[PDB]
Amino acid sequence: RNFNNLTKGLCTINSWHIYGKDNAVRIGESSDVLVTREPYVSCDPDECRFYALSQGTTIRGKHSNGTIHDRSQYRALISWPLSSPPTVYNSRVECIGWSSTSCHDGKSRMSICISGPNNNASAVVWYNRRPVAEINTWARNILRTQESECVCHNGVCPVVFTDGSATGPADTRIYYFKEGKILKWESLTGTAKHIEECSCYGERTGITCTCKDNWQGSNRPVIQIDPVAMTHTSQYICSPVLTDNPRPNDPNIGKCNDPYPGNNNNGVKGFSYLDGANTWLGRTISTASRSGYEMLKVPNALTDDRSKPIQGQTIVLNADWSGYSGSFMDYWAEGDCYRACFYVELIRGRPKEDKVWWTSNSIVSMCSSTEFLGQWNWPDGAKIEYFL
């Protein structure tokens, strides 16, 4: 086996096709399905799998009560076969904790989990299913990371972490790992003013991460990483097509180097593919809550502060609950280009559906097509009343 190199460009994105869907909440009404949240997708050279943070209980289990909670000792990063639900019997534990990332470098997989109390959390870096390196909290305020896959080039796998305030300046670091060992880290540079939950993908240009500004911005910060030089830059998506949630209405001029104002101290993990005229942005349909999901083709969104959509695709109707979303690609697929993919977390239960005492989710996932495919919409599909 050899380390994977990012040698291809993105395939032309003309629409999105269904890739995976687990119907976890439907099935979990009567099966031993683990309560999860913060899911993602990540590929090995021979298999692609679903990932999420378990809550250490099934949905029907009485311990599902209180699972709106973010950071218990009962959480772990688990993975399971593509489009199956996360069950007690099919889920593989990657590491223990309440914030994670994971990626395959072509030879083996690195997984990182953070655990601990708010003022004393630590990351453990696993490589080829063994713990290799550990990182202590540097700001003593909820050390946290991507909640979707990292990306590797020639064995080097950059990861974005943040430690510090969720509502003011924080201490963000980019770490560069190889075989689970720390090669280097650096403090965030550039014009992004707050960074959380980066969604990343790689292509010949380098590694691109679209993150969330939880503090003041409703445009998304972007970190661009060179995995060879092990350096990065940051800014915001310039486009006035705003993609955080909640968010103001779309103006006609966006902001490249500062948060677009209107909504403070909140946000949702999201993603984009920034590729000149082949640029597509994901966002919730609602500007107020985590409901609906759509993709919008916004040429040069990264650099053009006047850019608007010229094409789109609804993924989840506004009437249906969405949640976190993030990027991944099958770096080991055949062909001359990397096919852009993404997942959407479909959150069920609390806080929006409070007749149940749990919070969980299912997953839907799409990849790009060079065809102009007809669109459907993809709800979680569970009926809350059945759980009462």
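Numbering starts at 1 and follows the sequence shown.
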Comparing 260-268 with 75-83, where is the mean C-alpha B-factor higher? 260-268
Regarding 107-115 and 225-233, which shows the higher C-alpha temperature factor on average in the entry? 225-233
In this crystal structure's PDB entry, the residue among 130, 92, 308, 144 with the greatest CA B factor is 308
By the CA temperature factor listed in this entry, which of these ranks top: 99, 189, 120, 172? 189
Please place residue 178 in the lowest, middle or highest third of its chain according to the CA B-factor in the PDB entry. middle
Split into thirds by Cα B-factor across the chain's modelled residues, where does residue 38 land: lowest, middle or highest? lowest
Modelled-residue ranking by C-alpha temperature factor, third containing residue 344: middle
Please place residue 10 in the lowest, middle or highest third of its chain by C-alpha B factor as given in the entry. middle
Against its chain's modelled residues, does residue 62's Cα B factor rank lowest, middle or highest third? lowest
